[PDB]
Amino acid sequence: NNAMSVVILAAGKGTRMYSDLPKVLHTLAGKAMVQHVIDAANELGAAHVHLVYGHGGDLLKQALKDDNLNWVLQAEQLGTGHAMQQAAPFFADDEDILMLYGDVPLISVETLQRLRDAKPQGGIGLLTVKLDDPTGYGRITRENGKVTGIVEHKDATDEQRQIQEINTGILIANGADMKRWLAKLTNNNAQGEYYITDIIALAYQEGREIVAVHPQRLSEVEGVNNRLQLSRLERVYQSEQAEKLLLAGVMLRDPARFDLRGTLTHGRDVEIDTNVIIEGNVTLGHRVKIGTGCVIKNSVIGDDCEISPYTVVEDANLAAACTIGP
């Protein structure tokens, strides 16, 4: 496991959110989208986390003040490659540089670790997915089964557009190699921007190998640009967590009407009825029964406690065998 840092590109506008709050700060389960990415980067072992931002550096820096982030300003939004070029001076030649988006909140550490493992030496580990309709996304080009480059939809021909495997945007490479390819990025293409994706053809040309890996679930690489798409991920997220809990032994009367917005520690034989929301750090002891519609926030509920329907439990530590409610 060679040392590694992570770069999060969170400099895009976020126009379709119609909000005075920077897009990547909007929450997915009570945690800003970008914090999800940052948490994933850190659990993965990132020695440094470079956050590339456009404006709102103040809102962003204030919100993310409790994180050891290296702030990298991308003055104008001239493409992913350009955003990467601003961060380059900070990559260490002795480490791998993994790149992530600040608006793709569900990327898992498991998938990123598999990406790290698939990155050949001097090569690029790329995360790709085969879509039914690949429209609008970078097409993966291959030659005798080997990745040779990425062609942006707008730059692709009608023939290349038929390619289904597309770029999720996440990739990893050695920092020295990264610096070198970044320096060679050109800006004349269908959109006059520096494409980080051009580094693929550049690595292939240098004779280096690009290995594509695939994500476990497609939602794991879904980017958010408006609230409708954020709500869809909130559901995928909530639902994925409800199932883990059911499988781990917590009875959810309806996993579709359960919301975990923080961290739940639970005992054995816990029962949670419908429309229950768990916020912040919550601990549920053994055989705790949560009535329908309760909101439990930053609390600790002792073993055998029963909480009646619609109770809000907040900032509390409840003694075992409690009966909270009529």
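Sequential numbering from 1, following the sequence displayed.
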Problem - Between 299-307 and 11-19 (mean CA B-factor, as deposited), the higher - result: 11-19
Exercise for the section: Going by the average Cα B-factor in the PDB entry, point out whether 245-253 or 207-215 comes out higher. Expected result: 207-215
Practice task
Check the PDB entry and point out which of 169, 102, 81, 136 has the largest C-alpha temperature factor.
Solution key: 136
Exercise for the section: Name the third of the chain's ranked CA B-factors that contains residue 286, choosing lowest, middle or highest. Expected result: lowest
Problem - Within-chain third of residue 3 by Cα B-factor, per the entry - result: highest
Handout entry: Chain-wide C-alpha B factor ranking for residue 160, given as lowest, middle or highest third
Key = highest
Problem - CA B-factor ranking of residue 268, expressed as a third of its chain - result: lowest
Practice task
Divide the modelled residues of the chain into thirds by Cα B-factor and specify which third, lowest, middle or highest, holds residue 293.
Solution key: lowest
